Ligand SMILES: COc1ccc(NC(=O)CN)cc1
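Next up is one chain by itself, shown in structure tokens, the form solved without this ligand.
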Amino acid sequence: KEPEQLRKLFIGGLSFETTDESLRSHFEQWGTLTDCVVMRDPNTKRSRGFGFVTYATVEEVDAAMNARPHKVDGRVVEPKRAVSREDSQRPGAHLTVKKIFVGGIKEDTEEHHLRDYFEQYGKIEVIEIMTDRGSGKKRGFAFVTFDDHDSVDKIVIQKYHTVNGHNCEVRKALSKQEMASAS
């Protein structure tokens, strides 16, 4: 049994009339669920438009993700990798992006080092090892872009990532403006 958090998916944009029932009936197509709930307001008991589904294996959730789009109760919904309550705390951790910030890479780090490790998550579109302006000095971090936003999510949820022989930190990419709003 892999971790619960890694076996659950967040389902967004659910139709107001979606119930654990319907939710379950749909996603069981890709495997055995072990949890399936529609979140709603404690008082009006009215749906909040989102819910979670959990399978018995991460392999099965991978199967479901490869199955997008997902239409439930006549409404295209949006499945995502469930982000731990704790990380949901972090600045813009729920936004949908295709680019990732990779911090703490060695000076001799080259592009192949990043491809080496990152390709296993999805089609890479761009790699950028940031250097200093006019200085040309390596800055110890980079940006990697993918075709699927899920490739990024499949990553940010893992805790460790080894690039060029050592662990490095990975976070969703935020625009210069988002950074400032965060700070």
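Start at 1 with the first residue shown and count on from there.
In what follows, reference is made to the form solved in complex with this ligand, a form of this protein that is not presented.
In the deposited complex, this ligand sits within 4.5 Å of a heavy atom belonging to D62.
Looking at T32, you'd find every heavy atom of it more than 4.5 angstroms from this ligand in the deposited complex.
Scanning 120-145 for heavy atoms within 4.5 Å of this ligand in the deposited complex gives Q120, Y121, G122, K123 in sequence order.
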